[PDB]
Ligand SMILES: *[C@@H]1O[C@H](CO)[C@@H](O[C@@H]2O[C@H](CO)[C@@H](O)[C@H](O)[C@H]2NC(C)=O)[C@H](O)[C@H]1NC(C)=O
């Protein structure tokens, strides 16, 4: 099982620098080159550079030459990408990827990605508000005023058992902060015929996990 | 620099259909072409390398052919979980490692009308000074839908945002969340709050509403 695991989300101001790590396992780290490829939200994949994990040789895209540095720690099986003089157009998900040289070159394994957000604002954890309706009944959760856009929802009953999650909705940007909704659909007859008066919405965010009781009608 | 142009840019197809996507290179790249799949919020995944070699672990319905300037990726029997963006990428002449602009593949299925729910702002939010009114559209196809916010039957504009889920991996439907943002004062100056939904699966628009009291 080849695996590439990257560091967590980053929030930076314009002009600052950022360093992302990529830990490799499941193969001989020194035998393969590691490339870095970024993707702005909703945009094209954009190659940035590669480093030979063995001898440390690098090559960078002329678009990033002079502001990007790729390094490797062989004993930690880790590659690093540092980007300085960050601008708002550097806001993107940055991926490390292994290059398979056998036959024709190709990127066979990718890291999960690291969201780097460049913002004049500051990182903040979300604030949660319940969404209560005024067949299945819809119950919901509104997370507001969080940054970066790196949030995940989960739901639990009063008895602490998991509620089957439903398709998450993309966050929206407003006043430099993000907002997102989540929903669960509960059978109506089991809600009205039940002693439970609420469920629990939970959010995970790099700056603070939150919980909120959501009433049931 | 070698440019890669993918066709079509968007494509809808039915479960079981044979689907073909093309990538054209500005100059010959021999067999140095790779195909990747990317689902929303996830990293690219290698499907094909060297124009026609299937990556280990990839279902056999994915195949590729071509050499020189014209290449094709074929899905021989489309599955619901194949909804995604597909990229070609050349590794002959680098840098740059060129990627195509992507082909977005949606699953075509029968029309399904949304179920609509409206949620007023919570008191805890109202004391913050802002009021968010939410409207959810659940389990509809096709993706095209229209949400119109109305406050005392006055059509709103410029004060709402919305987002749409990915296509469901089993039933191929979408869900959509829309938020209308007012100030506490403006929110308390009006009574009836409604979202009206227009969609192909509805013979007439469907409206959900509440009154600020209840
Ligand atoms: C946890 O509590 C919830 C609420 O009482 C239970 O949820 C019900 O589970 C049954 C299982 O057959 C479903 O048919 C109902 O639709 C559920 N109700 C709701 C409102 O979702 C759940 O069974 C409890 N679990 C445990 C382990 O006690």
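Using ideal geometry, Cβ is built from the backbone for each residue, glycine included, and neighbour counts are taken over all protein chains shown. Each value in this text was obtained by applying a stated rule to the coordinates, not by laboratory testing.
Direction-averaged projected area, Cα convex hull, the range A:127-215: 6.0 nm², rounded to one decimal.
Mean sequence separation of contacting Cα pairs (under 8 Å, at least six apart), scaled by the length of the range B:1-151, corresponds to a relative contact order of 26 percent.
The tail of the calculated P(r) for the range B:4-108, taken as Cα-Cα distances beyond 20 Å, holds 31 percent of the pairs.
From the C-alpha coordinates alone, can you work out the Kirkwood hydrodynamic radius of chain B, in Å?
Over chain B, the inverse of the mean reciprocal pair distance is 20.0 Å.
Exposure proxy for A:106, A:205: other Cβ atoms within 10 Å of each Cβ, ordered fewest to most, give A:205, A:106. Helix-derived [θ] at 222 nm for the protein assembly as shown: sum -39500 (n - 2.57) over DSSP H runs of at least 4, divide by residue count, nearest 500? It comes out at -500 deg cm²/dmol, rounded to the nearest 500. A Cα-only calculation for the range A:3-118 places Rg and Dmax at 13.4, 43 Å. Across peptide A:102-114, the mean count of Cβ atoms from other chains lying within 10 Å of each residue's own Cβ comes to 6. Going from the fewest other Cβ atoms within 10 Å to the most, the residues B:140, A:153, B:119 appear in the order A:153, B:140, B:119. As a proxy for reagent exposure, A:110, A:36 were ordered by neighbouring Cβ count within 10 angstrom, fewest first; the result is A:110, A:36. Both numbers refer to the Cα atoms of chain A; Rg and Dmax are 21.5, 68 Å.
The calculated pair-distance distribution of the range B:115-211 uses every alpha carbon pair, bins of 5 angstrom beginning at 0, and gives 3, 13, 24, 23, 17, 10, 7, 3, 0 percent. Kirkwood's formula applied to the C-alpha pairs of the protein assembly as shown gives a hydrodynamic radius of 23.8 angstrom.
Partner shielding of A:121-132 amounts to 3, given as the average count of beta-carbon atoms from other chains within 10 Å of each residue beta-carbon. Across the range A:91-150, Cα-Cα distances exceeding 19 Å account for 61% of all pairs. A convex hull fitted around the alpha carbon atoms of the range A:61-172 yields 237 Å³ per residue.
Compute the FRET efficiency between residue A:158 and residue B:209 as 1/(1 + (r/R0)^6), taking r as their Cβ-Cβ distance and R0 = 45 Å, and round to the nearest 0.05.
0.90
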